[PDB]
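For clarity, chains are labelled A, B, C, D, E, F, G, H, I, J, K, L, M, N, O, P, Q, R, S and T in written order, and residue numbers in each chain start from 1.
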Amino acid sequence: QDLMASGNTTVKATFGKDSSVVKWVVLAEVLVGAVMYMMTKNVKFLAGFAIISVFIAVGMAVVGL
Amino acid sequence: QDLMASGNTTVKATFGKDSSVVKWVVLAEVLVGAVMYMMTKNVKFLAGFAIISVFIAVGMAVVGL
Amino acid sequence: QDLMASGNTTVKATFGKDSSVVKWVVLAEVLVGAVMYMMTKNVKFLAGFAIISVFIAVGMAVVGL
Amino acid sequence: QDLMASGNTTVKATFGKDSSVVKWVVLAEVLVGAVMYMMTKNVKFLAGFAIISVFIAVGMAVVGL
Amino acid sequence: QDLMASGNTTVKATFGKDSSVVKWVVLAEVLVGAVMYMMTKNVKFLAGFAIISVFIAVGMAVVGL
Amino acid sequence: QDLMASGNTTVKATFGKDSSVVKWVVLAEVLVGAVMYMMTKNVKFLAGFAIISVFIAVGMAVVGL
Amino acid sequence: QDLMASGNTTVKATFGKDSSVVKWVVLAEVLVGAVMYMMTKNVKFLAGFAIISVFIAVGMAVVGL
Amino acid sequence: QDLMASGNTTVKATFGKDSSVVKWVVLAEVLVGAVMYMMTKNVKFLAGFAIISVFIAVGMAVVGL
Amino acid sequence: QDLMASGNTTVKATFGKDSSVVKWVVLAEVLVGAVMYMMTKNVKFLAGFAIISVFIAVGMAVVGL
Amino acid sequence: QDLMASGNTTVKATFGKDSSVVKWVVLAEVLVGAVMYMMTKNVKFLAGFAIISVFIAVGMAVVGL
Amino acid sequence: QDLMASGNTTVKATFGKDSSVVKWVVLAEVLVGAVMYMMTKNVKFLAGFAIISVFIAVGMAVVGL
Amino acid sequence: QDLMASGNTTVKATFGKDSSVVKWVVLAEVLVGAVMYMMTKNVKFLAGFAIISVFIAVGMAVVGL
Amino acid sequence: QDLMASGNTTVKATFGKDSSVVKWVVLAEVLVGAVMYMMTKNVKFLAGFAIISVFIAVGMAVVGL
Amino acid sequence: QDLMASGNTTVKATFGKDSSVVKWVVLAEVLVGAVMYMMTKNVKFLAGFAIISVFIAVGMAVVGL
Amino acid sequence: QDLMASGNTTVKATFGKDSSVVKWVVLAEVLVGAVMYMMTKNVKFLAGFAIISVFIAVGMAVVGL
Amino acid sequence: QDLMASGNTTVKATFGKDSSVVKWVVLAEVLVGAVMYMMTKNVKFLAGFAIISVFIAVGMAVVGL
Amino acid sequence: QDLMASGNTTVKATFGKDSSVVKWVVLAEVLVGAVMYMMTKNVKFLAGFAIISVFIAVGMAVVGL
Amino acid sequence: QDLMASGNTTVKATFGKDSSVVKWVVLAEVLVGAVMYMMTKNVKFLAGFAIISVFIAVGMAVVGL
Amino acid sequence: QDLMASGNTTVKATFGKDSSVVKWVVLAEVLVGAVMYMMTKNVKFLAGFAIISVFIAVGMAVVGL
Amino acid sequence: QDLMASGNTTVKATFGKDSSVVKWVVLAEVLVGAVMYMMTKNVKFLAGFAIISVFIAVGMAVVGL
């Protein structure tokens, strides 16, 4: 017998490296930086905009099925 | 099956590179600079007015769906 | 569907290039210069009176919706 | 007589070091970090992404049948 | 024989993507944000107002019968 | 059959865009700003006074039944 | 049916544009300025004395029921 | 019903244009000027002695209940 | 036949808009505010003193038999 | 029948506008101000000393049975 | 019945206008001034030494049972 | 009953007008003056050496138990 | 017949205003304050040391049989 | 009958004014001051070293059996 | 019975006036002064080096078992 | 039993009067003087170069284990 | 007859002051401190390492059979 | 009988003074310092790097079986 | 048995003295210095660029497995 | 297994010695010098223009992957 936990894993395709879910955060990332940059006017919050992106890239690349 | 996280993403069009949400901050940006410039009279707070703008541009351009 | 962040943006008209909010700072600008010019008697604080004005102009002109 | 608790242990192969079940968490791991990193923008939540991975590795390696 | 769990599913129409039940939360959403925004005056609670809406949209769209 | 969740929705009229409930927060909004402005004397807390208002406007306008 | 959130709104008359509650802050306003002006001797804290007043005026005028 | 925030407002009479509280600052005003005038020997700190006085006068006169 | 759940509803008069039970909380309200205000010295806890009062008013007014 | 929640309300006289319980807080009020004033040496904590007093006055006056 | 919150109020005599507890702060007052005066050498911290004293006097005099 | 806050007040004798604690500051006073006089060579820092001394004297004399 | 719940009430004498049981807490009170004062070094935990004592006094005095 | 809560109260002698338990905190007191003084280098944490000591003294003296 | 909190108090000898633990801070003391003196170059941080030492001395001498 | 805080105190040898750690600061000392001397060209910053050195010497000599 | 609850009490020797079970916690103690010290980098978690040890010592010494 | 809690204590060898588990933290230690040093640029976080190391050394040395 | 915490420690190779993770900070180090140097234009932030580097070197060299 | 922290490091190419990010600061460098040179007219701010450049060069050259 094979493993029955499988089937679909469209879940991947749902969460896939390019999917709906993934992109959203980046917008939030872009938003929240612009958000928090307003009050502080510190150049801080513009980071994961780079980082998160490449983070998720290798992050997803680690497994991503 | 496709990914079911999708549908609309009018959310994009709601947050889209030219949308309501985006522009607001810029005003705040323009405001808060004029705000904080008053007390300090330092030429500092006039930056992201350029930066944030082009920031969000490429920032949105990074993904923006 | 359209973006639901919209509606009014009388907020613009509230913050609009000629609106209530905008003008106030300029007075403060004019005031605070006269303010700080008193103690220093340095010709410094008479600037953004020009600058801020034209600043906000193009500043608002950048987007201002 | 042998032990009758045995048979299959495809359960292993179902939970096996590389199986369906295992990978899912990592995605969640990658997700939730990106999740919680948004609100805090603290570099914290990017850890078990390394840790959990190698954790489960030796963790599974401890027994994993 | 067919499935006898069926019949009506006016329940859908009762919970349907546009129904009574659905809308209520959004008001609460709009309310509670205005609620909690008062004490904190943090721009936080104005989110699901967007999110929940589009959330339920695709959320309902996932199945919604 | 129709949906039985309905009936009244005077609740709307109770929470309606112009109703009792709505206005209260604005006062609180006006109050709490004057409140917190006292201790800080920062021009911050005078915002949602604009924002919340127009916020609820489109916010209610999003659905508001 | 009408909205049952109503009744009294003497609360208004309690918070009304001229009421007890309103005036208090102004005194505090006048006080705290004189307060903080002592230590700094900066002409700063004499502002909302004008501002807050007219602020609350239009502020209350925005809704104030 | 009337507003129940009222009653006493002896608080006024406690803070009243001529009351205990009011006068104190003026002494401090007179003191701190003499204080800070010593170290600087600049004729500066003798101002609000006039200003604060008339300030509070119209200041209290603005509302003062 | 009429409903036999009735009779007395002195319970109302026992809980009535002006009764024993009602008033107690207000004292507690007044107390607990003074209570918690001591430790924090935050102006917070002086609210429901207004709110609860008018709250119960319309609250009782909603039905109160 | 009358309401049986009544009887005594010596509780009032126990909590009465002049009673034991009431006064205590004021001492604490006077204490804690002197307390917290020590560390900060900010003139802040001397307030409710006035406020709380008159607060409880009208506060008790609101109902106080 | 009388109020049972009473009895002793030696607590007063424990906190009384001349008691143990009261005096301590004044020493701290005298100390902390000498403390903080050292680092700043600003004539500031010698105040409540007068103020606190007379403060507590009338402060206690307000009620002090 | 008497006040139980009492007992010892060797604390006085520990902080007493002539005690250990008192004298220390004076040395610091003498030191820090010599300290800060070095860099400035301004005759300033030789003051509380007189002042603090007599300050603490009457200061302690105010109460000092 | 009399009430048979009685007899002994040495329980009182066991819990009596001066008994074993009573005193223990005070020690704990004294201990736990010294306990929690260590970590915080906040002057807080030295209170019920007064309060609890007089609390139990009138507290016991309320009935204490 | 006597109270049976008694017996030993070596517990006192275990917690007694001079016992093991008592002294420990003082060391911690001495330690934690030296601890927290390091990071701040504020002269603050050297207090209860006096205070706690005499505190516990009268504190224990209050009852201490 | 004796007190059972005792035994060892090698803890003393572990924390004893000359022990491991004690000395460490002094090094830190010496270090942190040299640390913070670098950035400020203020002669400040060379104090507890004397003070802490003699502080702990009498400090330990106060009890130190 | 002996004190178990001991063992190694190679920490000393790690921080020892001649160790790695010690010397570093001196370089920084030499550096920062040359650093800050550049901008001011004041002969000031050449001091602890002597002082710190001999400072740490006796400083370490005070205890240094 | 003797007590039959006895026999073995190798349980002691199993839990004995030096046994397997005892030591484990100390490692955990040492571990968890190093654990929690990482995230906070507060010097806190290095305590029971001393305390627990001597704690269990006298703790076991209290009875330990 | 001997104690049956024993056997293996490879757990030691698993946690042993030189084992896998031990070293990890040190890396984290080295990491987190470099981590937190970035944002603050305070020389603080480089400590337990020494301390934790020698800490665990004697710490493990205390028992470590 | 051997210790089962082992296996991989590719984690080392993942965090190894030359690995991905290590280098990143240095860039940040180089960045943040250039970052913070801009606003201050103080020559400060160019340090750990040397320090952190050699820091991590010996730091990793301390254990690094 | 290899280290999974890797992948991309386009991050380098994103931050690479010649990349977008790098150049920006230099402009700011050139700007801010011209900025701050205006007010002071001191020849100071024209430095890192050289320095930062070559700084980042070797700085990046130190590692830069």
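Note that in this section a contact is a pair of C-beta atoms (placed from the backbone, for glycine too) under 8 Å apart; a residue touches a chain by one contact, two chains touch by 3 or more.
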| item | value |
| --- | --- |
| Interface residue overlap between copies chain G and chain I, same or different (over half shared) | different |
| Interface copy of G-I among K-L, J-K or O-Q, judged by whether over half of the contact pairs recur | O-Q |
| Euclidean distance of C-alpha centroids - chain H vs chain K, Å | 25 |
| Distance from the mean Cα position of chain R to that of chain K, given in whole angstrom | 50 |
| Rounded Å distance between chain E and chain L, as computed from the means of their C-alpha atoms | 68 |
| Gap in Å, rounded to a whole number, between the CA centres of chain S and chain B | 34 |
| In chain S, residues with contacts to at least two other chains | 4-6, 8, 10-11, 14-15, 21, 35 |
| Set of all touching chain pairs, with the criterion as stated earlier | A-B, A-D, A-T, B-C, B-E, C-E, C-F, D-S, D-T, E-F, F-G, G-H, G-I, H-I, H-J, I-J, J-K, K-L, K-M, L-M, L-N, M-N, N-O, O-P, O-Q, P-Q, P-R, Q-R, R-S, S-T |
| Chain D partner contacts - residues on chain T that touch it in the complex | 4-5 |
| List of chain L residues in touch with chain N within their complex | 4-8, 10-11, 14 |
| Interface residues, chain O side, partner chain P - complex | 8, 10, 13-16, 19-21, 23-24, 26-27, 30-31, 33-35, 37-38, 41, 46, 49, 53 |
| Interfacial residue positions of chain B with respect to chain A in the complex | 1-6, 9, 11-12, 15, 21, 25, 28-29, 32, 36, 44-45, 47-48, 52, 55-56, 59-60, 62-65 |
| Interface residues, chain J side, partner chain H - complex | 50, 54, 57-58, 61-62 |
